[PDB]
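Presented below is the structure to which this report refers.
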């Protein structure tokens, strides 16, 4: 028997905790006949900032974490390709692409942990207190939250004043007024009561693509993983990799419907930006991927190859998960 400590920043009443984290741990426990048990901690209950989750797993403070790599500035530069403007098709396909990309192109980026899964969320949405966002000019001078440097870089090119912060910080920032709005997918909105703190929501019609998504890593302490009995390690392996990555993304995007409905029930205004206007967003944001390629080249990586591969892998896995 082995008890693994799991830590993350999600609230327990969230779509992620209830339908991804608890489900994954329970499947692992059940498939092991109860030999693998978890002491699970949501809502950063074991202390620290969300940016510190990855190092807690690496350092063996806990055994497994689920975090956004970009919560730790410039630590994980190559996975950021999936956060560039208008990259994602759907989360399941793009999550599968993320897994294969890191495994084949950038295996050393996470080599200090045992990566169990990699995934993205559904299409990003704008949530604002006062201003409806119909065109990019409506963002001018608004203080807008993003989760990672590539999303805040895009927001800056759209004319917003970008503010980086992790998910749990968003309510206190909305309430004290250090931000006017936030970029989030629909699925997470009710877990932070953002439909109660904002009045206007602008999504992108699917015909125009997805403005952005963020990447997530499910990472395990390497010592803890190597210390498992081979039979229990196999159970962990069976619940790691490509299929698990796609499944996590699929479930995260499947919660978007419920978030939109919570907004609608609260009598908020939802607008869908049509594909034609989406083209003005892509025009304004087009330099972000050019700058990322240049940053990768300066880091000694093959930035053009990484972006070329990422688009191809998204295309390929979208044939599987359409």
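In PDB author numbering, the protein residues as written are 26 to 347. Built from N, CA and C at the ideal position, the CB exists for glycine as well.
- Taken through DSSP and simplified to helix, strand or coil, residue 285 comes out as helix.
- Leaving aside the five residues that flank residue 218 on each side, the residues in its chain whose CB is nearer than 7 Å to its CB run, in chain order, 196.
- Secondary structure of residue 231 (DSSP, three-state): helix.
- Here residue 139 carries a strand assignment [DSSP, helix/strand/coil].
- Here residue 60 carries a coil assignment [DSSP, helix/strand/coil].
- In this structure, DSSP gives residue 30 an extended state, which the three-state scheme calls strand.
- For residue 69, the three-state secondary structure derived from DSSP is coil.
- The beta carbon of residue 233 lies closer than 6 Å to those of 300, 303 in the same chain, with the five residues before and after it left out.
- DSSP, read as helix, strand or coil, puts residue 254 in coil.
- Counting along the chain, the unbroken beta strand (DSSP E) around residue 241 starts and ends at 240-245.
- The shortest CA-to-CA distance from residue 319 to any of 332, 310, 277 is the one to 332.
- Between residue 119 and residue 339, the C-beta gap is smaller than 7 Å, which places the two residues in contact.
- Between residue 229 and residue 153, the C-beta gap is not smaller than 7 Å, which leaves the two residues out of contact.
- Bounds of the beta strand (DSSP E) holding residue 209 are 206-210.
- The Cβ-Cβ distance between residue 216 and residue 36 falls below 7 Å.
- Here DSSP, grouped into helix, strand and coil, assigns residue 225 to strand.
- Here the alpha carbon of residue 257 sits roughly 14 Å from the alpha carbon of residue 141.
- Of the candidates 204, 276, 202, 238, 238 places its Cα closest to the Cα of residue 210.
- Contact annotation, residue 148 with residue 169: C-beta distance approximately 16 Å; criterion of less than 8 Å not satisfied.
- In the structure shown, residue 296 falls within a strand segment according to DSSP collapsed to helix, strand and coil.
- With a threshold of 16 other beta carbon atoms within 10 Å, residue 70 falls short and is exposed.
- In the DSSP assignment, residue 119 falls within the unbroken alpha helix (DSSP H) covering 116-130.
- Judged by DSSP in its simplified three-state form, residue 153 adopts strand.
- Closest in alpha carbon position to residue 179, among 213, 212, 292, 111, is 111.
- Partner residues in the beta bridge of residue 168, as assigned by DSSP, are 186.
- Counting along the chain, residue 92 sits inside the beta strand (DSSP E) bounded by residues 89-92.
- By the neighbour-count criterion, in which 16 or more other beta carbons inside 10 Å mark a residue as buried, residue 265 falls on the buried side.
- Under DSSP, residue 145 forms a beta bridge with 240.
- Put simply, the backbone Cα of residue 342 is about 25 Å away from that of residue 306.
- Counting the other CB atoms within 10 Å of its CB gives residue 205 a total of 16 or more, which places it among the buried residues.
- For residue 46, no alpha helix (DSSP H) segment is defined, and its DSSP state is neither H nor E.
- Residues of the same chain with a CB within less than 8 Å of the CB of residue 273, apart from the 5 flanking positions on each side, are 45, 49, 120, 142, 144, 241, 243 in chain order.
- In the DSSP assignment, residue 291 falls outside any alpha helix (DSSP H) and carries neither an H nor an E.
- Counted as a single uninterrupted DSSP element, the stretch harbouring residue 96 is not any alpha helix (DSSP H), since DSSP gives it neither H nor E.
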